[PDB]
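Engineer: Have a look at this one before I ask anything.
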Amino acid sequence: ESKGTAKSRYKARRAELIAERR
RNA sequence: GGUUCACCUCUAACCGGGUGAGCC
């Protein structure tokens, strides 16, 4: 949702790291 | 003081912690 902020992009990057934790 | 933008970080998330630069 509509945050272009660095927090909400970092949250998307955390979710992508949750597919690569390991 | 205000205001607008831009960046990094904690967590599965809330809740939190930092930074840069405009504009006034």
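Naming scheme: A, B, ... for chains in displayed order of the structure tokens; residues 1 onward per chain; ligands 1 onward as shown.
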Got a sec to pull out which chain A residues are within 10 Å of chain B, counting only C-alpha atoms (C1' of nucleotides), and send them as a PyMOL selection string?

Structural biologist: chain A and resi 5-7+10-11+14-15+18

Engineer: Just N, CA and C atoms for this one: save the residues we selected as a PDB file, in the first residue's frame.

Structural biologist:
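As written to disk, out35.pdb reads:
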```
ATOM      1  N   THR A   5       7.845   5.106   0.544  1.00  0.00           N
ATOM      2  CA  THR A   5       8.863   5.266   1.595  1.00  0.00           C
ATOM      3  C   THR A   5       9.884   4.126   1.601  1.00  0.00           C
ATOM      4  N   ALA A   6      11.070   4.405   2.147  1.00  0.00           N
ATOM      5  CA  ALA A   6      12.126   3.410   2.291  1.00  0.00           C
ATOM      6  C   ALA A   6      11.737   2.275   3.258  1.00  0.00           C
ATOM      7  N   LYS A   7      10.885   2.540   4.264  1.00  0.00           N
ATOM      8  CA  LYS A   7      10.342   1.523   5.184  1.00  0.00           C
ATOM      9  C   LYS A   7       9.553   0.434   4.453  1.00  0.00           C
ATOM     10  N   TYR A  10      11.748  -1.535   2.059  1.00  0.00           N
ATOM     11  CA  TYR A  10      12.555  -2.434   2.884  1.00  0.00           C
ATOM     12  C   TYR A  10      11.741  -3.634   3.384  1.00  0.00           C
ATOM     13  N   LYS A  11      10.473  -3.442   3.767  1.00  0.00           N
ATOM     14  CA  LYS A  11       9.530  -4.522   4.102  1.00  0.00           C
ATOM     15  C   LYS A  11       9.310  -5.502   2.940  1.00  0.00           C
ATOM     16  N   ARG A  14      12.614  -7.449   2.814  1.00  0.00           N
ATOM     17  CA  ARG A  14      12.522  -8.443   3.905  1.00  0.00           C
ATOM     18  C   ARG A  14      11.689  -9.652   3.465  1.00  0.00           C
ATOM     19  N   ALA A  15      10.499  -9.452   2.894  1.00  0.00           N
ATOM     20  CA  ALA A  15       9.684 -10.531   2.318  1.00  0.00           C
ATOM     21  C   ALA A  15      10.400 -11.317   1.193  1.00  0.00           C
ATOM     22  N   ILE A  18      12.876 -13.464   2.940  1.00  0.00           N
ATOM     23  CA  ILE A  18      12.173 -14.611   3.545  1.00  0.00           C
ATOM     24  C   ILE A  18      12.019 -15.781   2.543  1.00  0.00           C
TER      25      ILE A  18
END
```

Engineer: Chain A: which residues are helix (DSSP H, G or I) by DSSP, as a list in words?

Structural biologist: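 Residues of chain A classed as helix (DSSP H, G or I): residues 6, 7, 8, 9, 10, 11, 12, 13, 14, 15, 16, 17 and 18 of chain A.
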
Engineer: Selected residues, N, CA and C atoms, written as a PDB file, in the first residue's frame, please.

Structural biologist:
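File written: part_35.pdb
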```
ATOM      1  N   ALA A   6      11.070   4.405   2.147  1.00  0.00           N
ATOM      2  CA  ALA A   6      12.126   3.410   2.291  1.00  0.00           C
ATOM      3  C   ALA A   6      11.737   2.275   3.258  1.00  0.00           C
ATOM      4  N   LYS A   7      10.885   2.540   4.264  1.00  0.00           N
ATOM      5  CA  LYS A   7      10.342   1.523   5.184  1.00  0.00           C
ATOM      6  C   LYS A   7       9.553   0.434   4.453  1.00  0.00           C
ATOM      7  N   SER A   8       8.573   0.817   3.634  1.00  0.00           N
ATOM      8  CA  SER A   8       7.694  -0.146   2.945  1.00  0.00           C
ATOM      9  C   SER A   8       8.384  -0.891   1.797  1.00  0.00           C
ATOM     10  N   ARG A   9       9.341  -0.259   1.099  1.00  0.00           N
ATOM     11  CA  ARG A   9      10.258  -0.967   0.185  1.00  0.00           C
ATOM     12  C   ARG A   9      11.176  -1.937   0.923  1.00  0.00           C
ATOM     13  N   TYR A  10      11.748  -1.535   2.059  1.00  0.00           N
ATOM     14  CA  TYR A  10      12.555  -2.434   2.884  1.00  0.00           C
ATOM     15  C   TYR A  10      11.741  -3.634   3.384  1.00  0.00           C
ATOM     16  N   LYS A  11      10.473  -3.442   3.767  1.00  0.00           N
ATOM     17  CA  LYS A  11       9.530  -4.522   4.102  1.00  0.00           C
ATOM     18  C   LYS A  11       9.310  -5.502   2.940  1.00  0.00           C
ATOM     19  N   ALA A  12       9.156  -5.008   1.708  1.00  0.00           N
ATOM     20  CA  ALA A  12       9.135  -5.855   0.511  1.00  0.00           C
ATOM     21  C   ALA A  12      10.461  -6.629   0.335  1.00  0.00           C
ATOM     22  N   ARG A  13      11.612  -5.971   0.540  1.00  0.00           N
ATOM     23  CA  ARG A  13      12.951  -6.587   0.512  1.00  0.00           C
ATOM     24  C   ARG A  13      13.139  -7.660   1.599  1.00  0.00           C
ATOM     25  N   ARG A  14      12.614  -7.449   2.814  1.00  0.00           N
ATOM     26  CA  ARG A  14      12.522  -8.443   3.905  1.00  0.00           C
ATOM     27  C   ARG A  14      11.689  -9.652   3.465  1.00  0.00           C
ATOM     28  N   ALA A  15      10.499  -9.452   2.894  1.00  0.00           N
ATOM     29  CA  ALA A  15       9.684 -10.531   2.318  1.00  0.00           C
ATOM     30  C   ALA A  15      10.400 -11.317   1.193  1.00  0.00           C
ATOM     31  N   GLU A  16      11.186 -10.658   0.337  1.00  0.00           N
ATOM     32  CA  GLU A  16      12.050 -11.332  -0.647  1.00  0.00           C
ATOM     33  C   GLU A  16      13.219 -12.096   0.008  1.00  0.00           C
ATOM     34  N   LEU A  17      13.841 -11.558   1.067  1.00  0.00           N
ATOM     35  CA  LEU A  17      14.809 -12.295   1.889  1.00  0.00           C
ATOM     36  C   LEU A  17      14.162 -13.497   2.592  1.00  0.00           C
ATOM     37  N   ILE A  18      12.876 -13.464   2.940  1.00  0.00           N
ATOM     38  CA  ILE A  18      12.173 -14.611   3.545  1.00  0.00           C
ATOM     39  C   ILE A  18      12.019 -15.781   2.543  1.00  0.00           C
TER      40      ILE A  18
END
```
